[PDB]
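Since the structure comes first, as structure tokens, the remarks are kept for the end.
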Amino acid sequence: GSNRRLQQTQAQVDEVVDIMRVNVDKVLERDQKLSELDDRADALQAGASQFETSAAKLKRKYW
Amino acid sequence: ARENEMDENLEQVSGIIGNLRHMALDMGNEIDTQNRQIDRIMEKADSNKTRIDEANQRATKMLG
Amino acid sequence: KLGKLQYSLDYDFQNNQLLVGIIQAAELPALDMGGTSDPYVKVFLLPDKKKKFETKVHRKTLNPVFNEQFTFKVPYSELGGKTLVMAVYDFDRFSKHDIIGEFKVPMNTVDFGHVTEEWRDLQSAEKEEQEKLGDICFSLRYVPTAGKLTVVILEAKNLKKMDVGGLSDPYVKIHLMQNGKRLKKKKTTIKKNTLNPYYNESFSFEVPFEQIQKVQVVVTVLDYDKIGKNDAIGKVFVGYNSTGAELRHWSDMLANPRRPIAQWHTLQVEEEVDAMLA
Amino acid sequence: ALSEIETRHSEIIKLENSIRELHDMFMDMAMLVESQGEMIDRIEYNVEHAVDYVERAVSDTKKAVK
Amino acid sequence: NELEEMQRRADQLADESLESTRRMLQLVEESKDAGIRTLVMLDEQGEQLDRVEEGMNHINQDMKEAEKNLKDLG
Ligand SMILES: [Ca+2]
Ligand SMILES: [Ca+2]
Ligand SMILES: [Ca+2]
Ligand SMILES: [Ca+2]
Ligand SMILES: [Ca+2]
Ligand SMILES: [Ca+2]
Ligand SMILES: [Ca+2]
Ligand SMILES: [Ca+2]
Ligand SMILES: [Ca+2]
């Protein structure tokens, strides 16, 4: 039918709307987790640099 | 007939919308797996942060 | 040599019809036999695929006079989207009827309120490369240190009809070829009854960076037939002896390590591709 | 009837608006994924520098008890 | 009367619906392209996340070795 094509297409469209909305919110959560992992990564490399400095001190001191 | 061009546009739109449904689904699955992966990476990040901080603490204490 | 054509044009608003006049063509090349040609004029509307009209055959004349008129049942509201095509053909008894020269008038520029009649110099007709076969998009990612080649078959579109009475049953088979020998044959799933199949299927191979410039990747789109040998729709190849967009994508994969590059590619005919595969 | 063609027109425009919402949703998706790609690039940078610094510290601590 | 205007109203509204369908086709095509690019970006970021996790693993092993060396110095 002619109206049935519209109803089917409309149903599929709204379905992909729901799915894509869930996906977009999932990408919001992913953005939060990536900001947190960004901060933890920067702080981690900073502390690793400090531990490299202290390790250099202890090496040049005890060797 | 113009109604024929309209219905053809409707059919093409419908099929493309279905393709967008498959794309949305695979996309969602990949997003979920990458979120779990980010969780693992953050756990390892906290563990390595603890180890590095403790090792630097003892290393600084051994000064002398 | 560019000839001339004298045409008439008028619209009948009462019966909603297009009156096309073929008067005479002038300055025709000496095609066909020696000295004189055999011209006949085929007239048709560009958007419509309706039955093409053709004038009478005039024997041995470079300046033929037709003085014929045709009628096209066309609504005036839709005529804004149409274009009139007048093609002057040459007649050959034992050979293909070579076209002498055609030209087209867009109906959006014609004022049918006043009777139209014009001389127009003919132009050499454009030619199509081949029937529309289709495009296929996929991404290429290469990491030299591990030697892993990730080919993510993304999708395809505008594929040619294969099964009789139906659209297509497409699937993708990638062959890793070298020295004219098939090595690894991978294939994707069958997406039934579609002209725009979607895969998003990742594949992987072993390619050391010492042989990267000596391997060929053959992406072949084929149609599945329930019974019999599955006819092939088209195929492309990247790597050695690659040309144009293929060498472009390969160069992008080489210039971009540890990163995927998504790209479209125009399918070519299996015969010419297999010919380009030395 | 003009009521029939007009209602058909209304349903068609409704489908168009739904497809517009899905469209803007897909574009927003691509944008967010892009920005996340940038942040991921930065995280990868920090992690690599952490790999280098950790490797240096481990080398020195290994060479200290020698 | 308004009979002619009614017929032309039917053809006009039909034209608006048809062009609406054309707009639909363009919009779903653009959505299609943006979706594909989104998928490829997700692949790149995914492999990058894998190599980042493996990097965190190597950091963990190396830092464990340095912890052992510090326990030897102690
Ligand atoms: Ca969360
Ligand atoms: Ca969180
Ligand atoms: Ca001839
Ligand atoms: Ca002849
Ligand atoms: Ca077939
Ligand atoms: Ca078939
Ligand atoms: Ca396009
Ligand atoms: Ca992954
Ligand atoms: Ca992992």
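Think of each number as a place in line: the chain as shown, counted from 1.
A Cβ is built for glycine as well, from the same backbone N, Cα and C atoms used for every other residue.
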*Where does the phosphoserine label fall among C:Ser168, C:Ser202, C:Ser242, C:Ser251, going by Swiss-Prot?*
C:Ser202
*Write down the residue from C:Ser8, C:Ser204 that Swiss-Prot flags as phosphoserine.*
C:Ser204
*Given that Swiss-Prot annotates C:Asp32, C:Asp90, C:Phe91, C:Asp92 as binding Ca(2+) 1, state which candidate in C:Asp38, C:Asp48 belongs to that site as well.*
C:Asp38
*Counting each residue once, how many in the domain 'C2 2' (C:132-265) are helix, strand and coil under DSSP?*
14 helix, 67 strand, 53 coil
_Spatial neighbour of C:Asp98 (Ca(2+) 2 binding site) that is closest, considering only the recorded positions C:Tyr89, C:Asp163, C:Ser202 and their CA atoms_ = C:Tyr89
*Note the Cβ centroid of C:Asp163, C:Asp223, C:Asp225, C:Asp231, the recorded Ca(2+) 5 site, then list each other residue of that chain whose Cβ lies within 8 Å of it, in sequence.*
C:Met162, C:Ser168, C:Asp169, C:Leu222, C:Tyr224, C:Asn230
*asked:* Whole-number answer please: how many Å between the C-alpha atoms of C:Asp92 (Ca(2+) 2 binding site) and C:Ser124 (phosphoserine)?
replied: 19
*Could you find out if DSSP has C:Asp90 (Ca(2+) 2 binding site) as helix, strand or coil?*
strand
*Out of C:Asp32, C:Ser95, C:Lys96, C:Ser124, C:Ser202, the recorded positions in the record, which is closest to C:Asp163 (Ca(2+) 4 binding site) when you go by Cα distance?*
C:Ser202
*Looking at the recorded positions C:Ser204, C:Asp223, C:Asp225, which have a C-beta within less than 6 Å of some atom in ligand 3?*
none
*With a CB cutoff of 8 A to chain D, go through the recorded positions C:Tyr89, C:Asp90, C:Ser124, C:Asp163, C:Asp169, C:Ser202 and name the hits, or write none.*
none
